[PDB]
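Down below is the structure, laid out as structure tokens.
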Number of protein chains: 2
Amino acid sequence: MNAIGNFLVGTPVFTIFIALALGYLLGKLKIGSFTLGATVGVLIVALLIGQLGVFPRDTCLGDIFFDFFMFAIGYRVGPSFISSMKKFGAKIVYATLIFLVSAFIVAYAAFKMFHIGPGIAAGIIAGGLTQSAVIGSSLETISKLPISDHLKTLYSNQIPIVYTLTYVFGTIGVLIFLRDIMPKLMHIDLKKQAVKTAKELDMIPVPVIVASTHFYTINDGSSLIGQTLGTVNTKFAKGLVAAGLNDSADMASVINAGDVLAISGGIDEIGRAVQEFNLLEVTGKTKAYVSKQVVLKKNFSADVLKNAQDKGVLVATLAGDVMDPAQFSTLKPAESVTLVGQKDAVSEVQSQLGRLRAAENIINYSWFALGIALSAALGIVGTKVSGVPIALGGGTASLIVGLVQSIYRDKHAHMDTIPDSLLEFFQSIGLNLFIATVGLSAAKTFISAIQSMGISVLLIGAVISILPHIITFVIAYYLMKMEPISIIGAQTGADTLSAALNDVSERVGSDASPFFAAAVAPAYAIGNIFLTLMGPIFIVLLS
Amino acid sequence: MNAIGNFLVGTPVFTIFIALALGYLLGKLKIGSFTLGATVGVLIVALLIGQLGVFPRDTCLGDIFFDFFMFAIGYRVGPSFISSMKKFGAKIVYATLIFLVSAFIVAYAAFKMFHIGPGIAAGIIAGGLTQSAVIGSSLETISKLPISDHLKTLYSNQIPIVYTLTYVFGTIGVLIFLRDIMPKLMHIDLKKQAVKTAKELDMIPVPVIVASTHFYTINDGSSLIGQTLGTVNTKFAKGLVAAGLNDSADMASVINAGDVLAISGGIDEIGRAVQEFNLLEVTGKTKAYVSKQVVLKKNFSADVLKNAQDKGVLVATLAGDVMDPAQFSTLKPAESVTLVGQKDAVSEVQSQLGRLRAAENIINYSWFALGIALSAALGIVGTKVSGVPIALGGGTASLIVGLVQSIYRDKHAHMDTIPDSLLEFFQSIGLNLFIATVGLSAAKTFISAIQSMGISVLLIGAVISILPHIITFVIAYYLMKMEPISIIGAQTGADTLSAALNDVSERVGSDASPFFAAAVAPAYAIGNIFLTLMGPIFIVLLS
């Protein structure tokens, strides 16, 4: 099997993209009502592939794709972050500070009970709590510690092996617990509860009757013949604007036989007018009638918005449904109205109302590249506390950069934005590629550590990974009376388990995935910082 | 400036994603009617950034993104490749074999005239003809050559520097020549000529009147009252099918007052029926009426397709427009019909006609990963000819894999496909990232080679890069009577200038970009192979 092993180690792209192809197929497997999922299928396939030969750890593609994934989450959760935090931010910050202290207490108790060594303790924590930087901080701390050189070398060798052994369960077992067992224990369905919580806020509006233009043709003998376009437009009720005879929007032309009288507005109102006047619909071939999206200026005038109907343009909300005239005064700057009608009339009221909103299909390459560059530059930033180095790291820096960038783009919508399909693809493939890389990097060491310290360390790692979640769940749900989706998001952020984000978001759906990411984000930063600090203090205490 | 240089070299992601952000902004600059373009803006910004400090060449991200770009082109050009090759494939293969021999003749003549050394000759060819593997093949050949060790070392040192000096002009000047000067010299507009050539084939159909369902409400006193749904459906002309009273598709129910009579078909025909019966349109809230896309089976029955109208389902082409019944017999297997109507009736005729077609919005992660893995595995393949190693390489292997994968998916459409927006994003960012990486890798050597062999080598490289294009253009347009877009594509493929693909495709537009890529692809492979072989023979001849 030396040929297969040599080929797989020689070509890294082939291995990481053949573990990402069979991994998804394995993830699509459904047993009963339980689906393995893409992340678990990739972490299972990558280990078996990595048993074939030795694979060095690749920090060149995996880290960049993880940065892309974190930026995708931060950009997708941008607009709703403030609204989510105003409702549930202090509860989440009080649940992130309970999981961490509970994990500290449980780990200390188990380590004291089972006389666990310092290196094994730091490896177990780094694996079960799914924090990789713990191994580096522990290496630095054990280097500083005044111990014998042989003991320091022994601990520094023990740390990576225990981390690799425990990390396998700390990604599958914890994810299964907080994704399948947890909703059942809380007597709720993940999808249903997330959708209901998102409906409690203004996230998922009902589908609205879009207001469009129909090119009706006037037949001879109609009562509309002999009357001006302005007269007919005034005679029409709200939600029915005459956009102009033929291709002209002038208000003084008379309706002679053989002319097209384009009518814009809602479907039911247009149908009532059609039944009233016995008009005949014709699929008119004209490119002079359009719907534009206008971002209101800082001092948008109410008079022009009110008189756009008189000018011949239908004003509607961004969704597409026509809005009541009384809503005109309630409108505020930075809100995006939609003007539907003739080109000449829509290009003037837009000129007096604000500026055109950029469509979602166009991709802002400069925006995306600047976001990635700033994410890297911010992840560089760090500082040392009590001789222990900490930093924002790729995850936190990318999350913050995505948040601020999406908030700025939402505030000023005249610039283009990265499409949601692209963001979803990056969110999916970025985390899965990182999981594949780490699984391929650590499979032989895992099977070797099955033989030595095989059972005790694995079981203690499972206990330290599972028990804090249980106690924090009991405290939050039975005493702190949270909502289930917030509990799950706060725990996922506190544990710093990025693998759970993709799976829980895909089970929730795109409707409340922004809510889940918003719940995760504040927990993620505090969990990252405290878990990074968790290793060195444990080493100092135990040894 | 040592702090800035150290930070830029230390963080590679920051540098390559800050040269990709300012690069696009510089590319958006428009002077007169000439736009620099994304690729030239990135190659200009990256050189200035690379002058700050020394940057090692990164073959880890750039090569993978180039593979992604080539796969994106190969997948986008998949379905139309055979149709394009049947019309213009031999002309393209006869223009790829003229550019290469012309370049050989011109390079040999210039090298003999100016007593050009072997290493400088191989570097000039590798730079002007934009083929990087030439430097490696030349290094191997000069290693084999029985020359003095000092002379061999001198040539091996000279090759990279001359390549770096000449490569700057061989990417900007040639692109400008074949993108701006060439259309003007051919008295055609690139966009207009490409659109006309694509219209000559069946690529861009005119927008078609989509056939949909309107939920009309029967009012009291209507002539439709007292008649069965089947009777009304039979009384309706072609293109007007009664999809069922209320939410039931049964053919025997009578039309009582207060019922919704959903009518499916074309807008103008529905409007004529509305004028005939004075029906009132209502935005009915029902999810039981849908349009599905059915891929016909190998033995699709004509009887069921003919009687779908009687059953209550409108059959239409994949575009959306209703089709004539006489077209039913002309339909063939693997063609995708569209069935519009009630859920119960559409889920049965589909069951007897074939299988549902997968929507474009869904992304096939397994398909994409398998494509990338097979591209890498095929790029591994190679062989040696006359002691000179050649291989398919990333470009050719990825192009072939994308072609065959897209053709297979088009043949069997029941499986999902990678979205076109994602393919476009990869095609854009993949090449630009590679350009940024190579420009950052070679800027100090470029400015240094400005001082030594600054003018003569640069001018000879420009001549060898430009003149073969001119003579092959004259031969093709004035004697071989080609079309302009085919000439441009064949030359771009023969020169193996992947940087021109993105810019010419973006100027052409998405309408005929598949035609341009199809014209490029066969030229690309032969150009790659012959340019790879071009170096060693020149070294052997000159020295």
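Ordered as shown in the structure tokens, chains take letters A, B, and onward, while each chain numbers its residues from 1 and ligands are numbered from 1 in the order shown.
Omitting residue 306 in chain B and its sequence neighbours fewer than 4 positions away, and counting only C-alpha atoms, the residues within 7 Å are residues 302, 325 and 328 of chain B.
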Residues of chain B within 6 Å of chain A, using only C-alpha atoms, as a PDB file with C-alpha atoms, in the first residue's frame?
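Done, and the output landed in result_10.pdb:
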```pdb
ATOM      1  CA  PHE B  14      -2.714  40.257   4.316  1.00  0.00           C
ATOM      2  CA  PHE B  17      -5.577  40.208  -0.117  1.00  0.00           C
ATOM      3  CA  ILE B  18      -4.525  43.860   0.077  1.00  0.00           C
ATOM      4  CA  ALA B  21      -8.388  44.983  -2.967  1.00  0.00           C
ATOM      5  CA  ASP B 268     -52.085  37.072 -23.612  1.00  0.00           C
ATOM      6  CA  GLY B 271     -56.158  37.816 -20.896  1.00  0.00           C
ATOM      7  CA  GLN B 275     -62.055  39.515 -21.485  1.00  0.00           C
ATOM      8  CA  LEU B 280     -62.123  38.632 -11.581  1.00  0.00           C
ATOM      9  CA  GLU B 281     -58.527  37.931 -10.585  1.00  0.00           C
ATOM     10  CA  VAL B 282     -57.782  37.056  -6.949  1.00  0.00           C
ATOM     11  CA  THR B 283     -54.372  36.380  -5.370  1.00  0.00           C
ATOM     12  CA  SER B 366     -19.294  16.225  -3.712  1.00  0.00           C
ATOM     13  CA  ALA B 369     -14.617  18.201  -4.674  1.00  0.00           C
ATOM     14  CA  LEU B 370     -14.386  15.170  -6.967  1.00  0.00           C
ATOM     15  CA  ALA B 373      -9.359  15.906  -6.885  1.00  0.00           C
ATOM     16  CA  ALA B 376      -4.990  17.238  -9.445  1.00  0.00           C
TER      17      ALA B 376
END
```
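The two atoms in question, CA of residue 320 in chain B and CA of residue 320 in chain A, are spaced 23.3 Å apart.
Going from CA of residue 178 in chain B to CA of residue 488 in chain B covers 6.7 Å.
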**OP:** One decimal, Å: what's the distance from CA of residue 109 in chain A over to CA of residue 454 in chain A, could you say?
**Re:** 21.1 Å
Subject >> Surrounding residues of residue 348 in chain A excluding itself and chain neighbours under 5 positions, 12 Å, only C-alpha atoms, as an MDAnalysis selection string >> reply: chainID A and resid 249 292 294 304:305 308 311:313 339:343 353:356
Could those residues be written to a file, using N, CA and C atoms, as a PDB file, in the first residue's frame?
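File result_2.pdb, as written:
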```pdb
ATOM      1  N   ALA A 249     -45.014  59.026 -20.256  1.00  0.00           N
ATOM      2  CA  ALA A 249     -45.583  59.196 -18.926  1.00  0.00           C
ATOM      3  C   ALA A 249     -46.266  60.544 -18.743  1.00  0.00           C
ATOM      4  N   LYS A 292     -37.212  50.327  -9.623  1.00  0.00           N
ATOM      5  CA  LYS A 292     -35.919  50.638  -9.038  1.00  0.00           C
ATOM      6  C   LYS A 292     -36.039  50.669  -7.521  1.00  0.00           C
ATOM      7  N   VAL A 294     -34.665  52.580  -4.232  1.00  0.00           N
ATOM      8  CA  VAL A 294     -34.082  53.867  -3.877  1.00  0.00           C
ATOM      9  C   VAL A 294     -33.854  53.897  -2.375  1.00  0.00           C
ATOM     10  N   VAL A 304     -42.529  64.913  -2.013  1.00  0.00           N
ATOM     11  CA  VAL A 304     -42.253  64.201  -3.257  1.00  0.00           C
ATOM     12  C   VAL A 304     -42.682  62.741  -3.145  1.00  0.00           C
ATOM     13  N   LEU A 305     -42.507  62.138  -1.966  1.00  0.00           N
ATOM     14  CA  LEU A 305     -42.969  60.771  -1.763  1.00  0.00           C
ATOM     15  C   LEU A 305     -44.486  60.683  -1.865  1.00  0.00           C
ATOM     16  N   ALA A 308     -45.461  61.294  -5.694  1.00  0.00           N
ATOM     17  CA  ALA A 308     -44.987  60.356  -6.707  1.00  0.00           C
ATOM     18  C   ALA A 308     -46.146  59.648  -7.394  1.00  0.00           C
ATOM     19  N   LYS A 311     -47.330  62.016  -9.952  1.00  0.00           N
ATOM     20  CA  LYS A 311     -46.378  62.064 -11.057  1.00  0.00           C
ATOM     21  C   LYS A 311     -46.468  60.821 -11.932  1.00  0.00           C
ATOM     22  N   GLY A 312     -46.898  59.702 -11.370  1.00  0.00           N
ATOM     23  CA  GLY A 312     -47.053  58.473 -12.109  1.00  0.00           C
ATOM     24  C   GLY A 312     -46.150  57.328 -11.693  1.00  0.00           C
ATOM     25  N   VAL A 313     -45.665  57.316 -10.454  1.00  0.00           N
ATOM     26  CA  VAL A 313     -44.781  56.271  -9.958  1.00  0.00           C
ATOM     27  C   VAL A 313     -45.401  55.672  -8.706  1.00  0.00           C
ATOM     28  N   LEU A 339     -39.564  52.279  -6.290  1.00  0.00           N
ATOM     29  CA  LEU A 339     -40.328  53.099  -7.222  1.00  0.00           C
ATOM     30  C   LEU A 339     -40.561  52.297  -8.496  1.00  0.00           C
ATOM     31  N   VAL A 340     -41.825  52.125  -8.872  1.00  0.00           N
ATOM     32  CA  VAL A 340     -42.204  51.324 -10.030  1.00  0.00           C
ATOM     33  C   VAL A 340     -42.939  52.218 -11.017  1.00  0.00           C
ATOM     34  N   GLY A 341     -42.519  52.192 -12.278  1.00  0.00           N
ATOM     35  CA  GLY A 341     -43.250  52.930 -13.292  1.00  0.00           C
ATOM     36  C   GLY A 341     -42.377  53.245 -14.494  1.00  0.00           C
ATOM     37  N   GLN A 342     -42.789  54.288 -15.214  1.00  0.00           N
ATOM     38  CA  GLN A 342     -42.103  54.719 -16.425  1.00  0.00           C
ATOM     39  C   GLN A 342     -40.681  55.167 -16.109  1.00  0.00           C
ATOM     40  N   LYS A 343     -39.789  55.004 -17.091  1.00  0.00           N
ATOM     41  CA  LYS A 343     -38.380  55.339 -16.890  1.00  0.00           C
ATOM     42  C   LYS A 343     -38.194  56.809 -16.535  1.00  0.00           C
ATOM     43  N   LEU A 353     -35.259  61.657  -4.153  1.00  0.00           N
ATOM     44  CA  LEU A 353     -35.475  60.875  -2.944  1.00  0.00           C
ATOM     45  C   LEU A 353     -34.218  60.247  -2.357  1.00  0.00           C
ATOM     46  N   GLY A 354     -33.171  60.060  -3.137  1.00  0.00           N
ATOM     47  CA  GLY A 354     -31.979  59.411  -2.628  1.00  0.00           C
ATOM     48  C   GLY A 354     -31.156  58.827  -3.769  1.00  0.00           C
ATOM     49  N   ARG A 355     -30.631  57.625  -3.543  1.00  0.00           N
ATOM     50  CA  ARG A 355     -29.745  56.993  -4.517  1.00  0.00           C
ATOM     51  C   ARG A 355     -30.077  55.517  -4.682  1.00  0.00           C
ATOM     52  N   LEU A 356     -29.751  54.974  -5.853  1.00  0.00           N
ATOM     53  CA  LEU A 356     -30.120  53.600  -6.167  1.00  0.00           C
ATOM     54  C   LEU A 356     -29.388  52.607  -5.272  1.00  0.00           C
TER      55      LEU A 356
END
```
